């Protein structure tokens, strides 16, 4: 029980900050996650032998795609770590256990393609899950990996505690379906404005947890500009590959995914910051004031993209 993971001094300090980048050393990411689980939850909440075997199986089931890869998984878990650590008293023991695992697992077996491409291609997953197609798949993979021998990190929970944490993880992963974000944030905005938002209402907590998941998932837009700018290339490498696969089905893709419309990317990032990212972090800051650094960093990057359009970079 007395085996703490310890990071070098720079990582030890910077990991606490929202804008931390986990770096290019793949073989440190597992240690970074255990470090975060230990400080966020405790050295007791998981058996190290079981947790380690879980992490390496989750890693194994993330594919070698430009963006929706193992680094994204650990990056998204890190943002959730920063929210939980800056909102210490707001979250139950089970929520802190569930949400870090939810984030690591949230894009399991992603192929780099949108729900929309699966439906137009007529992928079997689109027949199995008619909405939130990949997100239902991501949760399915999480449960399958949990059920490998020696992988059940929750085995010391009671039957109802166990059912609760898997329900937290299912809702958390489903929430990362950006199609569901818009309505979720609109409702949270209304509940915040009318003052009907009550964190003792479970259906309200679910909504707040969904928004935290959108916030952690989109967190590449809350990094220092060089990280944000370099991550955008990975994001657009997948979009443009999807664009290519659409043209192969005889469909003109939306411009975001057309590599011929590469010039339009700076304006499309403005739309994304204005339509999705800024509203997300605004409502999260209203509900959880200590996540304001995510909004401030997001606004700085909007400004950086405006400077790109105005020819200044």
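By rigid core we mean the largest C-alpha set that fits within 1.5 Å across both forms. Numbering follows the first chain given and starts at 1.
Checklist entry - Relative to this form, superposed by the core, which stretch has the greater CA RMS in 7 other deposited structures of this protein: 54 to 62 or 243 to 251? => result Between 54 to 62 and 243 to 251, greater C-alpha deviation in 7 other deposited structures of this protein belongs to 243 to 251.
Checklist entry - Core-aligned, which moves more in 7 other deposited structures of this protein: 252 to 260 or 23 to 31, by CA RMS? => result Looking at 252 to 260 versus 23 to 31 in 7 other deposited structures of this protein, the farther one turns out to be 23 to 31.
Checklist entry - According to the deposited model, is the average Cα temperature factor higher in 144 to 152 or in 166 to 174? => result Comparing 144 to 152 with 166 to 174, the higher average CA B-factor belongs to 144 to 152.
Item to check | Comparing 220 to 228 with 200 to 208, the one whose average Cα B-factor in the PDB entry is higher | outcome: 200 to 208 has the higher mean C-alpha B-factor.
Item to check | Of the residues 132, 194, 114, 214, the one carrying the largest Cα B-factor as recorded | outcome: Going by the entry's C-alpha B-factors, 194 comes out highest.
Checklist entry - Based on what the PDB entry reports, which of 108, 90, 79, 99 has the top C-alpha B-factor? => result Highest CA B-factor of the listed options: 90.
Next on the checklist: Quick check on the deposited entry: does the C-alpha B-factor of residue 267 sit in the lowest, middle or highest third of its chain?
Outcome noted: Its C-alpha B-factor, which the entry lists for residue 267, ranks in the highest third among residues of this chain.
Item to check | CA B-factor ranking of residue 44, expressed as a third of its chain | outcome: Highest third of the chain for residue 44's C-alpha B-factor.
Checklist entry - Sorting the chain's CA B-factors, does residue 61 end up in the lowest, middle or highest third? => result Lowest third - that is where residue 61 ends up once the chain's C-alpha B-factors are sorted.
Checklist entry - C-alpha B factor of residue 27, ranked within the chain: lowest, middle or highest third? => result Residue 27: CA B-factor falls in the middle third of its chain.
Checklist entry - Considering only modelled residues of the same chain, in which third does the CA B-factor of residue 237 rank: lowest, middle or highest? => result Its C-alpha B-factor, which the entry lists for residue 237, ranks in the lowest third among residues of this chain.
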